[PDB]
C-alpha cells in the first residue's frame, strides 16, 4: 500500500549497526504482547510475507515484572538455545498471565519439563555459556535501540514499526497492513 515516515513507522536517529534484519521485543508480562501472539498471530503473518533470506529474531525484555522479568529473559535464552520456542511460548504466556502458575524461577522450569525437556538438560542449558551470551545479546539489543516499551519491532536497525498510525478498525486488515509494512521496510 502507501507508507509515510512518522505514520506506519518511524526512523531512528541513531541506526543500530549489525542489528538483526527483523527484531521483535516482547515480555511474558506484557498483555498486548499476549494478544499479538495468541489472537492476532502477528509474527506468523509477518513471516509469511517476508522475502527470501530475511530472518526474524524475537528477544525478551527485562523491564517488566521485576526480578522475575530477568529470569524470564534467561528462560527465553534457554528456549532459543534448545530450539523449543514454539513449544513454550504460549504455556509461558498463560502461566504468567492466565493461570498464574508461574510465580518464581522454579515454576518456569516445570513448563519446560512438561514440554518434554529433561530437567538435567534444562539445568545444564540454564548455566551454559551460550545462554549467558544470549542474555547479554538481548539486554544489549534493547539498550542499542533505547527501548522504552513492548511490543516493538525494528527493521534493519533503522526503522521502528508504529501500529498506532495503522488502520485498526478491521483487525484482519490491520494484521496485513502490519506485515506489509515490515516487508516494505525490509527492502528499503
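The term rigid core refers to the most C-alpha atoms you can superpose between the two forms while keeping them within 1.5 Å. Residue numbers count along the first chain shown, from 1.
In summary, of the stretches 146-154 and 52-60, 52-60 shows the greater Cα distance from the shown form in 5 other deposited structures of this protein, with structures fitted on the rigid core. The rigid core fit leaves 164-172 as the farther-lying stretch in 5 other deposited structures of this protein, judged by Cα positions and set against 164-172 and 21-29. As the entry records it, the average C-alpha temperature factor is higher for 19-27, out of 19-27 and 174-182. Between the stretches 116-124 and 43-51, it is 43-51 that shows the larger average CA temperature factor. When the Cα B-factors of 58, 32, 132, 158 are read from the PDB record, 158 comes out highest. Annotation for residue 141: CA B-factor lies in the middle third of the chain's modelled residues. Among the modelled residues of its chain, residue 147 has a C-alpha B-factor that falls in the highest third according to the deposited record.
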